[PDB]
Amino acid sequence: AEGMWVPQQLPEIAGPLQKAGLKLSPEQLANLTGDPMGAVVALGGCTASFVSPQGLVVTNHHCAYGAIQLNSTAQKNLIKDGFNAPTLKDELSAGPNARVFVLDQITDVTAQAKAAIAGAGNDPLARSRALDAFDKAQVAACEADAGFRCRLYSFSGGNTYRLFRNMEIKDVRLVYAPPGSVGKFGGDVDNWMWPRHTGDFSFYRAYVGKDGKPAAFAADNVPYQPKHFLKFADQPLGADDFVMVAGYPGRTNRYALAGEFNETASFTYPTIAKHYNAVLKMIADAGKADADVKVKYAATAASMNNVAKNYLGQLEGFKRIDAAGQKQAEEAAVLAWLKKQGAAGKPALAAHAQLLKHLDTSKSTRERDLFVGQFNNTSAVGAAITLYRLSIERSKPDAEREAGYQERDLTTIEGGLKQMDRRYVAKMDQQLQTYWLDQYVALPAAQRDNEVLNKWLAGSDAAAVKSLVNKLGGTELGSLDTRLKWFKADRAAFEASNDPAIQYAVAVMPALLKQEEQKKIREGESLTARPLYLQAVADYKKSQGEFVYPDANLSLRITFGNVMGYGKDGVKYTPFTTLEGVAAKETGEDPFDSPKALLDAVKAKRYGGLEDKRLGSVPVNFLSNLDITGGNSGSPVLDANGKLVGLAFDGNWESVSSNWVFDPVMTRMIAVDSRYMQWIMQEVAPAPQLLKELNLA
């Protein structure tokens, strides 16, 4: 079924859920802290679920990848080898910034948010500041009880606001990862593709302090005891079976203006794809020379590969469904249905005119802004800018500090400085600085007008780039102890430093704050125009009998449907892959190099009690017509009785354009079968202690 439904829309989908084959009462799904919705957790960018009363959490391999990478070395490469913790004391810290978010409360605060915004009057900057102040005040009251973290969400262009309250678990530990040849079987070749043969799962455990409250990593912390956890399905999942997913999809753009789509399609996607492919080649080469570079950059390399391929896929999808034409036709239909509405349709019409006007601004600057933005987010330089910015915000009252630099953010900023120790090699950062400066100096003189960067380059040729990178090479911010000292320093200490990266951060900061003010002004202009126009598109969609649900915004959504394949001319993709399909893709070369224990077990047909007689094998991955996107990785797939049948992890090639224009015919979720998760942990990369904790043997 189409739609990323908010829990508040359960009454609207209760009928369709039952019709598709849900056997729980839809009222059971409305209890978001009860069984089974309360077992579903957010990780920040990924979804997961509790699967034991001792706080075992299951997610995707590609979601645990960062945690596995932080715990890898060139000699003891867990990304390659996998990992198991036979006892609680063997479990590895997933890193200081790993989180498990357990939902406590959702509060509708629409009337209060709109009243704060209207109270600002006509000043766009005051409007942006009023919503910021309202956001901070709501979150401060909601976070007064220790161990809770709150977030304000904006839905449907700012027509609805809800405050989420979560228990914020801060001590997350790695329990199990299959080898990378299972967790990431077929690598970037099979990424965004069906048929798929990927064992994309891994396990964490949530810990709390001995007092029961969230705490950073400590030896005397103890497993979290969740109220609810999911059980693995006893009923075999088959073709046509009902499935549903609860999770935290990140961002969709289905309510984008036609010109927002056109800019993304003609500039953003092809440009990012081109540069990311070129940076990835540089990182791959550096990794072949030094396995420490390969391990330190592995999370960055996987993320960048996934984004570049996704973008190429969206561009192919747009041509497949003529997204440009569908956008143009819908925008024309809305603007005509408004006109026929008389005076009542004039505000929305004028909101549209204001948003249309906002687009033009980001032409002629957009290549400069990309290169300078990427240069400033290289490791040493980005740490310098963050650290200098924090020293400035520290001197203000907490309520007046920029979102991201308040007291409630200090442990996250510190965590980032710590995690950089496992993700930084000076010789690799130098090559990334060179790459983005080289793009900047290759711009036309009118466009390469960043005055501070022009002063530091003092040239526009290869010699000038090399010269600036040589100077910045004198930085001490590669040192963890140096970063942690700067984290505590006042703004005068930064302004007196002769560290070249710190000098650079001090030089660029005035122009960074001015650019922030311009953004906040544009934000304040959208806070009145975007809701009026997006409400009109929704009203028009409702008048046309179309499904109305908000674009994804990192909050909890429900999607449902059935196990099923899809087709193109001369091809029908069947809903399951099987063990024999993994072995048929074997080449013995990364990324089609399965463990010997897997190839041996498939050759012997060791199906370990997990064979589905309908398939004649153990299923590996499956397709269904659910509506997921980035953020839904690791979402539990529940059957008709709310039992776990698999994890969401990817979409088929033709699905990725559904970010902009939903296509029901070729949009499928790719999930890993819970039976393959069990088979890997039984026959290939054993976790007997885990199968026991899951009551699976």
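Only the largest set of C-alpha atoms that superpose within 1.5 Å between the two forms is called the rigid core. The first residue of the sequence shown is number 1, and the count goes up from there.
Averaged over structures and residues, the CA distance from the shown form in 4 other deposited structures of this protein after a core fit is larger for 338-346, of the two stretches 292-300 and 338-346.
Between stretches 188-196 and 359-367, the one whose Cα atoms sit farther from the displayed model in 4 other deposited structures of this protein on average is 359-367 (core-aligned, root mean square).
For the segment pair 205-213 and 475-483, the entry gives 475-483 the higher mean B-factor, averaged over Cα atoms. Stretch comparison (524-532 versus 344-352) by mean CA B-factor in the PDB entry places 344-352 on top. Residue-level inspection of the entry shows that, of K541, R196, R165, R423, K541 has the top Cα B-factor.
Across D490, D135, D292, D190, the entry's maximum B-factor at the CA atom is seen for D490. Ranked by Cα temperature factor within the chain, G95 sits in the lowest third according to the deposited record. Ranked by C-alpha B-factor against the other modelled residues of its chain, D627 falls in the lowest third. Ranked within its chain, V684 lands in the middle third, by CA B factor from the PDB record.
Annotation for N641: C-alpha temperature factor in the middle third relative to the rest of the modelled chain, per the entry.
Among all modelled residues in its chain, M244 ranks in the lowest third by Cα B-factor.
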